[PDB]
Each structure stands twice: as C-alpha cells, then as structure tokens.
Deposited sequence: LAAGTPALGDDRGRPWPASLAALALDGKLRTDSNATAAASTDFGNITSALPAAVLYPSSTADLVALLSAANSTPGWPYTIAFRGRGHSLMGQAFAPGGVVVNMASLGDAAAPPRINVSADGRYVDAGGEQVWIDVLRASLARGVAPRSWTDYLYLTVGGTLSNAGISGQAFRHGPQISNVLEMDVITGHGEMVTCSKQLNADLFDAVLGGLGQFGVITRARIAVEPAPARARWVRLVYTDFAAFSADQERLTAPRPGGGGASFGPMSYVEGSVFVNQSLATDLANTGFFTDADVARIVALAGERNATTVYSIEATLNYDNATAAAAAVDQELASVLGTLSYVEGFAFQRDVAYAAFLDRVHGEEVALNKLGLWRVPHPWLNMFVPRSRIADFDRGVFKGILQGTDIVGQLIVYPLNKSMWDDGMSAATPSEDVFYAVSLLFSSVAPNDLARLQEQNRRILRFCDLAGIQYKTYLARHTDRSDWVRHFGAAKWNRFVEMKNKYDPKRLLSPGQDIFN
C-alpha cells in the first residue's frame, strides 16, 4: 500500500484528482456507446509528472491501476478509458505558455509537437513559419499522440503514407517509467511498436513531424459517377505510382450515396449547391442507379501570378484522363487551411442541432482492392439499401508501399487497399441497436465472402480476433514488445488487447 514521494506529491499539488467531476469527464468518449469510470484522473503540468506515475506503477509491487492517455477522447469504443484506474488528461501538458509545446525547426524541415497537442494547433504553428505537415486526418481536433497510436489517414496518405509514416522521432515514457528518445536509428524497436501501437507500450510526449512548404490554396473538385467500376478505376488511376512518383493530385477521397437518402446526403456534403443536387438526383433516375459515387480530389498551389491559369490547365489534363459522367465535374477554390479544417464547420453545425454528442456506431476498415467490387455489391448495393443514412460513407484507395509493416498498424496484404469509413450517426436507441447489428452483418458478410479486411479504430474483445487482426507472426512481435515496455499490462486497457 505505500506511495512513492513523487506520486504522493501529485496528489498534494491537486494534479491527481478523484472528484466526481474529474472522473466523469474521463469516463465518456466520442463514440457515446460505452462508459467506464476511472478511480483517478492525472492533470500533468510537465512530463516529469508522467515519469512519476509510471515509475510509481513499475516500482510498486501489486500496483492495481490501469493507465490511459486521453488525447481528446475521440475513441469510439472506450479505448481511452482506464476502468477503475488512472486516466491521464494529456491536454494539461499545454496549459502553461513556457516552454512552447509546438516548435518548427530552424531549417523548416520538421515540426516538434507535444503528444497532447491537437493537429489544428500544429497546422497554425506550422503555417506561421510557412510550412505544414504532409499527411493529415479529415478532422483536425485530434491529438498527435492519439492519431499516431492509430495511423492517421486522409486523402494524402496514398502519396505520403499515413501520419505514422511521417514521423522522424519521438520522446516516449514507457510503462517502466523510462524517458526514451526513439527513431529508425535510435531504439527503433520502441519507435516501431509505438507507431500504430494503440497506446500499449508507453506515452508519446513529443513527435517530430515531417513538413513541406505550405501551399496557399486548394483547387477542390468533386466528380460524379453512377458506375462503381468507373469510380474505383478512376480513384486507382489518380493514386497510382507513375514509373516512387505520383500524379498531380494532392488529395484523393471518395464517397458513396445510397438512392433512398440521395438528395438529403448530397445537400449535406456542404459542397454541392441545390442546382448541383437536382442534376445528380436526375442523373441517378436516368441511369436507374441505387447508388451514386463521388471522387473528391484537390490540387495544392502557391500564391503565384500565373498559378490560377496553370492550375486550370493541369486540372483539365487530369480530368481528361477520367470517366466521370460528362459534365459532372464540380469545382471550388479555397485557402489551404480552410480545406484542411472543412470538418470543424460540420462539428459546430451538428452540435447546435444536438446531433454531434450522439452515439457513433462507426464502421472503419481496410478492404483489399481485389474485393472492393464485391464489398460494393454486398454493402452499398446490398445491406445498406432501403435504409435512411445519417452520415457519410467514405471510400478511397491507399498504397501499401507507403505503409511500414514493421510498425504496429495492421493492413491488408495487397499492394492497394481501400479505406472504407461508414460514419453512421444514431437517431434513437432502437436506431443504435439496428446500426450495431448492421455493422455485425457487414463484417459477417465480409467473413463469409473470404474478404481479408483489417478493422481500423475498432477494439476487439477476443484474443483470437486481435491475433487475426495483427496476423500470428506480427502478433508474437506485438507480445514481445509489450513484455519489454509494459510487462505489468496497465497501459491503454480500453483496447482490450492485454486487459
């Protein structure tokens, strides 16, 4: 039962809290489906406080508290909880002012960011110094440590790889309470374990993120299809490596619209005008389509005098290689930061309607390219038909060559695989249960069809499921690494890997 001086010091300084207000805030997440109250919440003011907790945890025999690192609690199924344990309120690391938590290098080649920092702030501190990270998430209010413990994907990942592929080095406090600086050169076994590591090996206090010169603007396009074969062939053409080298597109994503909610979902993009919506709805009726697909792509560009006309010509050449329905190219032109933060607006709009802090039974997965047409038929044209869709259905290809298989993040074996993100929002408890059963049905459809998919952002509750997730050989490596960095099995228990 005794406490080390540094641990008891945190209680004394009002950093380690047990009050109902502190525990309740760290007991819910974005998912809004599961909840688990912690025994205590840590609000650290420095990384020494994280060393204190973790050294205490490693030195104290029979220590009973599990420890989680709450980024912004964007988790869907309690991955950031420490049931009857200690939740770290990471955001407290950036409360002071001195020293700054985000530092762009003097050479403009990278950005050092605190593990707790949010990407929108990383973007602002980078843009002030004329640079910006190269690989994003669709939504910017997530933590560096949180996205890096998953993968971090968006429409730039086909050409720059996920966020985990754009990290030069990190400062990690292991489950032993040891401060370790790691990279591909120094303690690479920890660096690889942590990236896509689901917070199992230690906490990321600093990450060195690759940057590129900041473009000023984004020419933003949406291309419409009624044929899945043409839509997927075009997303693959736009993202294909040209014989290490890529095409002109800075970002490529896509979306599916089911016939039943077509006009409403197109209008809810925040992209199409009512005149654009009417034309697409009419197109669907002419082709007798039960689904409509849209490619979403950008072309990043600088403030140059000729830039605008050069972009028009470059975009026109790219579009001429494509097979979208003639006359169904829709363009917008925005400032680069506005494109990157396009989702914050959706968060604000939904929150005031009371439609943001609702259950999110999201289904996110990686589907091998060879089975995407089967997934489209069984899911978009099958299971989802005749349902009212509240949310987005995002589908886009990724290049495996840009993913490091030695890292923890699990991906399909094929060269090309699609990110498939089914972002359902629940409208009622009976709608929640219906949505949770529908997600089980989609996964069952994939299993019965022999689709070798990988989930993303999901936590498995069975050992056999986590072994199948990583793959048996890659699983043994994840175990070896757990035994090295968290032998007491306390870190991020909400993943249900070792807890």
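Asker: Take the full deposited sequence, match it to the modelled residues, and report the stretches without C-alphas.
Answerer: Unmodelled stretches, in sequence order: 1-13, 257-260.
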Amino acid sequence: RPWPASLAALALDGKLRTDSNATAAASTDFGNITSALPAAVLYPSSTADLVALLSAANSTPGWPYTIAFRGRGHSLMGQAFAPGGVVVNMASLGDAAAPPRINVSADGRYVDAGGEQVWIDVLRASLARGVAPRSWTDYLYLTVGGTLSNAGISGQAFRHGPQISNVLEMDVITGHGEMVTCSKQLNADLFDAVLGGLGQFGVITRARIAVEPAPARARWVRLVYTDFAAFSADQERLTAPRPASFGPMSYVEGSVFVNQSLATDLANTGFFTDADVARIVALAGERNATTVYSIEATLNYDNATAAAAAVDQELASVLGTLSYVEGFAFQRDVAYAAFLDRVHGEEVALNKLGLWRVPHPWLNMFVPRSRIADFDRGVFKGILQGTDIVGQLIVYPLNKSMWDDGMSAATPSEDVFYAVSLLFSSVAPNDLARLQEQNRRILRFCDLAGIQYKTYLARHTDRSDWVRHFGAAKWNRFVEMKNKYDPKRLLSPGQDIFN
From here on, numbers count along this sequence of modelled residues.
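Asker: Could you check the entry and say whether 258-266 or 311-319 has the higher mean CA B-factor?
Answerer: The recorded data point to 311-319.
Asker: Mean CA B-factor: is it higher for 486-494 or for 9-17?
Answerer: Comparing averages over the C-alpha atoms only gives 9-17.
Asker: From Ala304, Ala282, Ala240, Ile153, can you pick the one with the highest C-alpha B factor in the entry?
Answerer: Top of the list by C-alpha B-factor: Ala304.
Asker: Reading the B-factor column of the entry, which of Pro359, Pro368, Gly146, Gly177 has the highest value at its C-alpha atom?
Answerer: Answer, based on the entry's C-alpha B-factors: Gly177.
Asker: Sorting by Cα B-factor within the chain, modelled residues only, which third would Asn399 end up in: lowest, middle or highest?
Answerer: Ranked within chain, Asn399 CA B lands in the lowest tercile.
Asker: Hey, what third does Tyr251 fall into on Cα B-factor, ranked over its chain?
Answerer: Tercile = lowest for this residue's CA B-factor.
Asker: Could you say whether, by C-alpha temperature factor, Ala39 belongs to the lowest, middle or highest third of its chain?
Answerer: Its C-alpha B-factor belongs to the highest third of this chain's values.
Asker: What third of the chain does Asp95 rank in for C-alpha temperature factor, lowest, middle or highest?
Answerer: Its C-alpha B-factor belongs to the highest third of this chain's values.
Asker: Place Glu414 in the lowest, middle or highest third of its chain's C-alpha B-factors, as listed in the PDB entry.
Answerer: Lowest third.
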